[PDB]
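Residue numbers (PDB author numbering), protein chains in the order written: chain A, 5 to 200; chain B, 2 to 198; chain C, 2 to 198; chain D, 3 to 199.
Built from N, CA and C at the ideal position, the CB exists for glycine as well.
Okay, structure first, notes after.
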Ligand SMILES: [Mn+2]
Ligand SMILES: [Mn+2]
Ligand SMILES: [Mn+2]
Ligand SMILES: [Mn+2]
C-alpha cells in the first residue's frame with residue numbers, strides 16, 4: 005500500500021517563499037488524497053486485470069496515471085525543497101549539476117529565466133521539470149498529474165498547480181516562481197543528477 | 002477593428018453571490034483573471050493579423066494556443082457571469098426554466114439526478130477545466146472542457162461551472178465538493194432557459 | 002489467466018461484403034490488423050501483470066497506451082464485423098431496426114439527414130479514427146474516436162464505421178467519400194437495433 | 003490570403019521505385035497533398051472573415067483545419083525534397099558532410115540512427131510523421147501526430163510519412179518493410195542544406 009511521505013521539515017520552514025498554510029494543505033490534504041485514490045484505483049484495477057475486463061481497465065487508467073503521477077511528483081517535490089537558511093539551498097551544494105547547467109544554458113541565471121518562462125507558460129495545471137535525458141539536461145513540463153515520461157530522469161520539479169501558490173500569491177504566479185528559488189534543495193538535485 | 006474586446010461588467014455587485022461565492026473570489030476572478038484573458042487575447046489577435054496577411058502559417062500555428070486559451074476563457078467566463086445570479090433572485094429558481102428542466106428530467110430522471118451527474122463530472126476533472134450542460138439538437142448533455150477550451154462547435158452551452166482552483170480555493174480550499182454543492186444556489190436558470198430556447 | 006483474448010471469426014466470408022468492401026480489404030483487415038491488436042493486447046496485459054505485482058506504478062503508466070490502443074481496437078473491430086452484413090441480407094434493410102430508425106428520424110429528421118451528418122463527421126476525422134452512432138441514456142448521438150480509442154464509458158455504441166485508411170484505401174484510394182457512400186449498403190441494422198434496445 | 007499551391011515534384015512519379023510505387027507517388031502528391039493545399043486555402047480564407055468579424059468561436063473552430071492542412075502542406079513539401087531516386091548521388095549519405103557528422107556524433111553511427119528512427123516510426127499509433135530535427139546544435143528524433151508540423155525550436159532535417167496512404171498500396175500492413183526500403187531514396191543533399199542554413 006502506498007503512503008504519504010513525511011515532510012523533512014516543519015510546515016512553516018519554507019517561509020516566506022511558501023506559506024505554512026499552503027504547505028499544510030498541499031501535503032496533508034492534496035498529496036494525502038492522491039495516495040488514497042491511487043490505492044483505491046489499484047485495488048479496482050487488480051480485479052479487472054484478473055477478470056480480463058479491458059473496458060474497466062481503460063476506465064481506470066486516468067485515475068492511476070493522475071494519482072500515481074501526482075504521488076510521484078509531490079514526493080519528489082518535498083525532497084527538492086529545503087529551508088532558505090540551510091546550506092542545501094546554496095547552489096554550491098551541486099557542483100557537477102551547476103557545471104552542466106552553465107554548459108547547457110550559459111549560466112545559472114539564464115537557466116532560471118528559461119525555467120521560469122516554461123513554468124509561467126503552462127496553461128492550466130501542471131509541473132515544470134529540470135530532467136536528465138541521456139547525458140544532457142533538459143527543461144520539460146508535464147500536464148495535470150502526469151509524471152515525467154520514461155527516459156527522462158527528474159532532477160527537481162516545481163508545482164504550478166494553482167493550489168501551490170494561490171492562498172499566498174493569488175493569481176501572481178510570477179512572484180511564486182521568483183521566490184521559490186530560495187528554497188530549492190540543490191543537495192537533492194545534485195544527488196539525483198549523479199545517480200549511481 | 003481586430004482585438005478590441007473588453008472586460009464585460011458583471012450583472013451584479015461583487016458580493017451579490019454570497020455566501021455561495023465570496024466577494025473576494027468574485028473580484029479577483031473578474032477584475033484580474035478575466036481582464037488578463039481580454040488583454041492577452043487582443044494582443045494575440047493583433048499579432049495574428051500580421052501573420053495572416055503575410056501568409057505565415059508557422060506564426061499562425063504558434064499563436065493558436067494563446068487564442069484558444071485566452072479567447073476560450075473570455076468566452077467561458079463571459080458565459081459564466083451571465084448564468085450566475087443571487088440566490089434570493091427568482092432567476093435562481095429552476096421554475097424559471099420550464100422547457101429546460103422538462104428536458105433535464107426526461108434525460109436524467111430528475112433535477113437532483115442531473116445535479117449528481119453534473120457534480121461527478123465537475124469533480125472528475127483532472128487539473129483545470131470547466132463543466133457544461135450543452136444543447137445538441139433537441140437533447141441535453143454534460144460535457145467537460147480542459148483548461149481554457151470553449152465548448153466545441155455543434156454543442157450550444159446552456160450553463161457552465163468553472164472548476165479552475167482559482168474559482169473556489171480562497172473560500173473552499175481543497176474542498177471542491179463543497180464548492181459544487183453551494184454553486185447550485187446561484188445558478189441563473191432564467192439565462193439557462195433563454196440559451197436552451 | 003491474464004491475456005487470453007482471441008481473434009473472433011467473421012460472420013461471413015471475406016468476399017461477402019462486395020462490392021462495398023473488397024475481399025482483399027476484409028481478409029487483411031481481419032486476419033492481419035485485428036490479429037495484431039489481439040496479440041499485442043495479450044502481451045501488454047501480461048506485462049502489466051508483472052508491473053502490478055512489483056507495485057511498479059511508472060511501468061504501469063508506460064503500458065497504458067498499449068492497452069488502450071490494442072484493447073480499444075479489439076473492442077472496436079469486434080463491433081465492426083458485427084454491424085456489417087451482405088447488402089442482399091434482410092439485416093441490411095433499415096426496416097430491420099424500427100425502434101432505432103424511429104429515434105434517428107426524431108433526432109435528425111430523417112435517415113438521409115442522419116446519413117448526411119454521419120458522413121460529414123466520418124470525413125471530418127483528421128488522421129486515423131472511427132465514427133460511431135452511440136446511445137447515451139435514451140438519446141442518439143454521433144461521435145468520433147481517435148486512433149484506437151473505444152467509445153467512452155456512458156455511451157453505448159450502436160454501430161461504428163472504421164475510417165482508418167487501411168479500411169478502404171486498397172479499393173477506394175483517397176476517395177473516402179465513396180467509401181462512406183457505399184458502406185451504408187452493408188450496415189447490419191439488425192445488430193444496430195439489438196444494441197439500441 | 004490563402005493562395006498556396008501544390009509544389010511540383012523534383013522527379014517523375016515512378017522515379018522512387020522500387021522503394022515507393024508510382025501509383026503511391028501520384029496519389030500521395032496529386033491527390034492527398036493537393037487536398038491539403040486546397041483545404042488550407044479554404045480555412046485561411048474563412049479565417050479572414052472571422053478575424054475581421056471578431057468571431058473568436060469561429061476562429062477557434064478553424065484552428066484544427068489550419069494546423070492540420072497547413073502542417074501537412076509543410077510536411078509533404080519537405081518530404082518530396084528529402085526524397086530522390088536511389089541511383090542519384092543525393093541518395094548517398096556522403097552528400098551531407100556536416101549533417102552526417104552530427105548523426106554519428108549523437109547516435110554513434112548512421113546504422114544506429116536508422117535503428118532508433120525506425121523504432122520511432124513504427125511506434126506511432128495512428129497517423130503521423132517521424133523526423134530527424136536539429137535543436138540548437140544537437141540532433142533529435144521526434145514524431146508528430148496526424149498533420150502536425152515540427153514544433154518551433156526544432157529545425158526539420160528530413161521526415162518520413164507514416165500515414166497509411168504513404169505505403170499501404172505497395173506494402174499493405176507491413177509498415178516495417180516500408181521503413182526499411184525508404185532509406186534508399188533519402189535525399190541527403192536537401193537534408194544537409196536544411197541542417198546548415
Ligand atoms: Mn500540487
Ligand atoms: Mn476562471
Ligand atoms: Mn481497422
Ligand atoms: Mn502523407
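DSSP three-state call for residue i: helix, strand or coil?
i, result
"residue 131 of chain A", "strand"
"residue 3 of chain D", "coil"
"residue 26 of chain C", "helix"
"residue 125 of chain B", "helix"
"residue 174 of chain A", "coil"
"residue 149 of chain B", "coil"
"residue 137 of chain C", "strand"
"residue 156 of chain D", "strand"
"residue 200 of chain A", "coil"
Any heavy atom of ligand 3 closer than 7 angstroms to the beta-carbon of residue i?
i, result
"residue 165 of chain C", "yes"
Drop a sphere of 10 angstroms on the beta-carbon of residue i, count the other beta-carbons inside from all chains shown, and report buried for 16 or more, exposed for fewer.
i, result
"residue 92 of chain D", "buried"
"residue 155 of chain A", "exposed"
"residue 45 of chain C", "buried"
"residue 150 of chain B", "buried"
"residue 124 of chain B", "exposed"
"residue 112 of chain D", "exposed"
"residue 110 of chain B", "exposed"
"residue 100 of chain D", "exposed"
"residue 192 of chain B", "buried"
"residue 51 of chain C", "exposed"
"residue 127 of chain C", "buried"
"residue 20 of chain D", "exposed"
"residue 94 of chain D", "exposed"
"residue 198 of chain C", "exposed"
"residue 33 of chain C", "exposed"
"residue 69 of chain C", "buried"
"residue 117 of chain D", "exposed"
"residue 189 of chain B", "buried"
"residue 137 of chain D", "exposed"
"residue 73 of chain D", "buried"
"residue 65 of chain B", "buried"
"residue 200 of chain A", "exposed"
"residue 120 of chain C", "buried"
"residue 129 of chain A", "buried"
"residue 102 of chain C", "buried"
"residue 61 of chain B", "buried"
"residue 145 of chain A", "buried"
"residue 5 of chain A", "exposed"
"residue 97 of chain C", "buried"
Quick one: does the C-beta of residue i sit closer than 7 angstroms to a heavy atom of ligand 1?
i, result
"residue 168 of chain A", "yes"
"residue 75 of chain A", "no"
Cβ-heavy atom distance between residue i and ligand 5 below 7 angstroms?
i, result
"residue 31 of chain D", "This structure simply doesn't include ligand 5; it includes ligand 1, ligand 2, ligand 3 and ligand 4 instead."
Under 7 angstroms: does the beta carbon of residue i sit that close to some heavy atom of ligand 4?
i, result
"residue 35 of chain A", "no"
"residue 203 of chain C", "No statement about residue 203 of chain C is possible, as the shown extent of chain C runs from 2 to 198 and does not include it."
Any alpha helix (DSSP H) of 4 or more consecutive residues that is wholly inside the region 70-116 of chain A
99-109
Ordered list of alpha helix (DSSP H) runs contained in the region 9-62 of chain A, each at least 4 residues:
24-29 and 36-54
Three or more C-beta pairs below 8 angstroms linking the region 159-178 of chain A and the region 25-34 of chain A
yes
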